[PDB]
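*Asks:* Got a structure for you, questions after.
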Amino acid sequence: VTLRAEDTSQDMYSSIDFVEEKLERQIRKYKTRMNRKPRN
RNA sequence: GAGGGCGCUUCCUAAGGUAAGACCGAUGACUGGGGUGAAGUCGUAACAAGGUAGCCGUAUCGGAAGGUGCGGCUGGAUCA
């Protein structure tokens, strides 16, 4: 898979914070999108 | 002689002490919860049949979201 992340906050430190946490929650979205190649 | 102040004790008796509380405030080592703020860190849950739909009352096991089970209802689905 390929997935980029050009996102924002007010602070660049807060963009590193909330956007890399957004990468964590993206992999949380990518659990069944990765692991569950069976949906049944 | 009567009566009279004083003569003359007591009654109630103001205050002070006692004891055994109760009330109410202040106060307090450490400590339980809650709210606020970071943007640490743990996590996939709750949201779509939101990734095991849940949601209750209840018992019980988790660091924690939570789980297991008793029974009930859609404020639930593909449509059963």
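*Asks:* Calculate the spin-label point distance for A:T2 paired with A:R39, positioning each point 7 Å from the Cα along the beta-carbon direction, and give it in nanometres.
*Replies:* Taking the simple label geometry, A:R39 and A:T2 are separated by 2.5 nm.
*Asks:* By how many nm would the segment from A:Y30 to A:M12 grow when fully extended, if each residue of separation counts as 0.36 nm and the alpha-carbon distance is taken off? Walk me through the intermediate numbers first.
*Replies:* Details: separation 18, 0.36 × 18 = 6.48 nm, distance 2.54 nm.
Extending this stretch completely gives an extra 3.9 nm.
*Asks:* While we're on this one: Using DSSP to call loops (not H, G, I, E or B), can you name the trypsin sites (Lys or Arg not before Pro) in chain A whose Cβ has at most 16 other Cβ atoms within 10 angstrom?
*Replies:* In loop regions of chain A (DSSP not H, G, I, E or B), the sparsely surrounded trypsin sites (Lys or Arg not before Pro) are A:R4, A:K31, A:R33, A:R36, A:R39.
*Asks:* Taking only the alpha carbons of chain A, what extent do you get along each of the three principal axes, in Å, biggest first?
*Replies:* The Cα atoms of chain A stretch 43, 15, 8 Å along the principal axes, largest first.
*Asks:* Taking θ = phi - 60°, what integer Hz values does the Karplus form 6.51 cos²θ - 1.76 cosθ + 1.60 yield along the stretch A:15-20, in sequence order, with x for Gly and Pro?
*Replies:* 6, 5, 4, 6, 7, 6
*Asks:* Per-residue ellipticity at 222 nm for chain A, helices alone: DSSP H runs ≥ 4 residues times -39500 (n - 2.57), over residue total, nearest 500 deg cm²/dmol?
*Replies:* Computed ellipticity for chain A at 222 nm equals -15000 deg cm²/dmol.
When we count neighbours, we look across all protein chains shown, and the Cβ atoms used for this are built from the backbone with ideal geometry, even at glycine. Laboratory data are not the source of any read-out in this text; all were calculated from the coordinates shown.
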